[PDB]
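Written out below as structure tokens is the structure these notes cover.
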Amino acid sequence: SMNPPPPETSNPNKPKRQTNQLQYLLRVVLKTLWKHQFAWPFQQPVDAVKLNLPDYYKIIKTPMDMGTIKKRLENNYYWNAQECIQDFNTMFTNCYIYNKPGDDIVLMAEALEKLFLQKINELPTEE
Ligand SMILES: Cc1cnc(Nc2ccc(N3CCN(C)CC3)cc2)nc1Nc1ccc(Cl)c(NS(=O)(=O)C(C)(C)C)c1
């Protein structure tokens with residue numbers, strides 16, 4: 001009957017940077033996925049109360065979504081590109097853990113993940 005608080009998106013004491021790689025992760029990677037026709041189920045934390053999935057946050061213990069990633073990038077929350085890439089991978093993996101192969105939600109994640117991988121293949125060299 002309860003959703004957890006969302007993942008952290010603000011922390012003044014956290015070491016953080018703007019790098020050219022992190023800029024690419026916002027301007028290219030996040031922007032490309034966000035505009036996709038299948039983005040919407042991933043644009044905010046899963047509301048497991050509204051979806052009637054009482055097991056969701058009992059099974060998915062490291063939730064992640066693109067709304068959170070977008071805020072983190074906009075706030076320059078990350079230290080490096082790998083931290084942000086990990087958030088995307090957590091989001092995709094969580095989808096495949098929770099759902100059945102071939103479910104619509106899985107097909108949607110797979111389309112986003114394909115694009116993600118194509119974009120990160122061209123992640124620029126740092127600095
Ligand atoms: C990120 C994410 C990961 N996993 C799941 N899993 C999930 C599993 C079973 C359901 N239900 C269960 C019983 N219902 C009658 C059918 C769907 C919903 C979501 N959702 C996610 N987001 C999400 C957000 C908003 C909505 Cl409306 C949905 N619904 S949906 O998946 O059915 C679809 C997008 C295909 C319409 C999903």
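Computed from heavy atoms alone, side chains included, the values below leave out hydrogens, waters and symmetry copies. Residue numbers start at 1 and run along the sequence shown.
- Enclosure of atom CD in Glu8 by more than 12 non-hydrogen atoms of other residues, nucleotides or ligands within 6.0 angstrom is indicated.
- Annotation: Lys14, atom NZ; neighbour count of heavy atoms from other residues, nucleotides and ligands within 6.0 Å is above 12.
- When the shell of 6.0 Å around CZ of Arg17 is examined, it contains more than 12 heavy atoms from other residues, nucleotides or ligands.
- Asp65 places no side-chain N or O within 3.5 Å of a backbone atom of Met91 that could act as its donor or acceptor partner.
- The line from CD1 of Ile120 to CG of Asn89 is 6.5 Å long, rounded to the nearest 0.5 Å.
- Note on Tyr96: it does not cluster hydrophobically with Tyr98, by side-chain heavy-atom contacts below 4.5 Å among ILVMFWY residues.
- With values rounded to the nearest 0.5 angstrom, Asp47 atom CG is found 11.0 Å from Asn52 atom CG.
- Judged by distance alone, with hydrogens and angles left aside, the side-chain atoms of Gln43 form a donor-acceptor pair with the main-chain N or O of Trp34 at under 3.5 Å.
- Without hydrogens or angle criteria, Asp55 side chain to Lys58 main chain gives no donor-acceptor distance under 3.5 Å.
- Taking the six-membered ring where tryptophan is involved, the planes of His36 and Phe38 are tilted, since the angle between them lies from 30° to 60°.
- A chain of hydrophobic side-chain contacts below 4.5 Å, direct or via other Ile, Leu, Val, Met, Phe, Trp or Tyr residues, connects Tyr57 to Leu51.
- A distance of 10.0 Å separates CD of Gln82 from CG of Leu22, quoted to the nearest 0.5 Å.
- Residues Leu117 and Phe88 fall within the same hydrophobic cluster, defined by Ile, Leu, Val, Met, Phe, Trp and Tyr side chains chained together at heavy-atom separations under 4.5 Å.
- Side chain of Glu126 to main chain of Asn20: no donor-acceptor pair is present (N/O by atom type, distance under 3.5 Å, no hydrogens or angles).
- With rounding to the nearest 0.5 angstrom, the CD atom of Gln23 is 10.5 Å from the CG atom of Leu73.
- Note on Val46 and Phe42: separate hydrophobic clusters, where clusters join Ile, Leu, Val, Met, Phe, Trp and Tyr whose side-chain heavy atoms are under 4.5 Å apart, directly or indirectly.
- Looking only at atom types and distance, the side chain of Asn3 has no donor-acceptor partner in the side chain of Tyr56 under 3.5 Å away.
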Item to check | side-chain contact (heavy atoms from CB on, under 4.5 Å) between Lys71 and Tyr77, worked out | outcome: CA-CA 8 Å; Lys71 289 179 183 192; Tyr77 176 89; over 6 Å; no

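- Side-chain contact between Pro7 and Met64 is present, with at least one heavy-atom pair separated by less than 4.5 Å.
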Checklist entry - Could you walk me through whether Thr68 and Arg72 pass the side-chain contact (heavy atoms from CB on, under 4.5 Å) check? => result CA-CA 6 Å; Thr68 298; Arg72 289 179 169 191; 3.8 Å; yes

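- For the atom pair SG of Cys95 and CD1 of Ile105, the computed distance is 5.0 Å after rounding to the nearest 0.5 Å.
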Next on the checklist: side-chain contact (heavy atoms from CB on, under 4.5 Å), that's the test. Do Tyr24 and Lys119 meet it? Break it down for me.
Outcome noted: CA-CA 9 Å; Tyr24 178 93; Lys119 300 306 185 184; 4.0 Å; yes

Checklist entry - After noting the C-alpha distance and the side-chain angles of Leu107 and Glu110, does the key distance pass the side-chain contact (heavy atoms from CB on, under 4.5 Å) rule? => result CA-CA 5 Å; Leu107 298 178; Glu110 284 173 348; 3.9 Å; yes

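- Within the 4.5 Å cutoff, the side chain of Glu127 has no heavy atoms near those of the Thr19 side chain.
- The distance from atom CG of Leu123 to atom CG of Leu25, rounded to the nearest 0.5 Å, is 6.0 Å.
- A continuous path of ILVMFWY side-chain contacts below 4.5 Å connects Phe92 to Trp40, so both sit in one hydrophobic cluster.
- In this structure, the side chains of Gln86 and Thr90 come closer than 4.5 Å at one or more pairs of heavy atoms.
- A 4.5 Å side-chain heavy-atom check between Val106 and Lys100 finds every atom pair outside the cut-off.
- Residues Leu30 and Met66 have side chains in contact (heavy-atom distance under 4.5 Å, counting atoms from C-beta outward).
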